[PDB]
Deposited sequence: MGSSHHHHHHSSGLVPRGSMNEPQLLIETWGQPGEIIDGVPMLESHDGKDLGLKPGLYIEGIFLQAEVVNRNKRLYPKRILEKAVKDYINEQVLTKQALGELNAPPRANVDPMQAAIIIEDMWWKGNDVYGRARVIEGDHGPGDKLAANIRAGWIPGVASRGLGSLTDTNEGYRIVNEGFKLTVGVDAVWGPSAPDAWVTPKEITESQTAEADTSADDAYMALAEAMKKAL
């Protein structure tokens, strides 16, 4: 079929790290979410499978276009749009890497904004463990086996939104 917005939930990343004083070459503490942000070659909660070669290409382009350019914002709740709204940004992805079929990453929670970043930080400090969701643009092929395969050309547009796990 034709290209559509593809929103996926990927579970709760296994590490939340608060208050580590990081060097800014001058120390800045931060609240970080770190762990699995996306997964290849598995049927996910939306009954979709991302082939490894396709997600490798999408992640590489997203790293080059957004992460390394310091634009890889994400929101609290995954809205039905492909772009992040910086007024609604709650996190920024600092790094992503592969470990087998899993995409790991590290995201910093935006604090001091009197908005979604502070809301996310306060939820986390009250004990919330967030889920993460990704947003992208692509198309699906049905398999007649109860799931869909993402077609070549998938584009990752937001690596992580923080979401309440279903």
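Engineer: How would you write out the unmodelled ranges of the deposited sequence, numbered from 1?
Structural biologist: Seq positions lacking coordinates: 1-20, 46-51, 193-231.
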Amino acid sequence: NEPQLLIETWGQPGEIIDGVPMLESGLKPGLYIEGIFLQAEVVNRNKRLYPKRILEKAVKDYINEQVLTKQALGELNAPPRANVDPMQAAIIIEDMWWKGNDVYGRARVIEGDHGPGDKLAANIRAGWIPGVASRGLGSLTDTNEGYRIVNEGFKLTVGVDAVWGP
From here on, numbers count along this sequence of modelled residues.
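Engineer: Check the entry's C-alpha temperature factors for 141-149 and 7-15, then say which stretch has the higher mean.
Structural biologist: Going by the record's values, the stretch with the higher mean is 141-149.
Engineer: Please compare 92-100 with 72-80 and say which has the higher mean C-alpha temperature factor in the record.
Structural biologist: Mean CA B-factor is higher for 92-100.
Engineer: Looking at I33, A133, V43, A122, which has the biggest Cα B factor in the entry?
Structural biologist: Going by the entry's C-alpha B-factors, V43 comes out highest.
Engineer: Using the temperature factors in the entry, find which of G105, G127, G26, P116 has the highest value at its Cα atom.
Structural biologist: Most elevated C-alpha B-factor of the set, per the entry: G26.
Engineer: By the record's CA B-factor, is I54 among the lowest, middle or highest third of residues in the chain?
Structural biologist: Its C-alpha B-factor, which the entry lists for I54, ranks in the highest third among residues of this chain.
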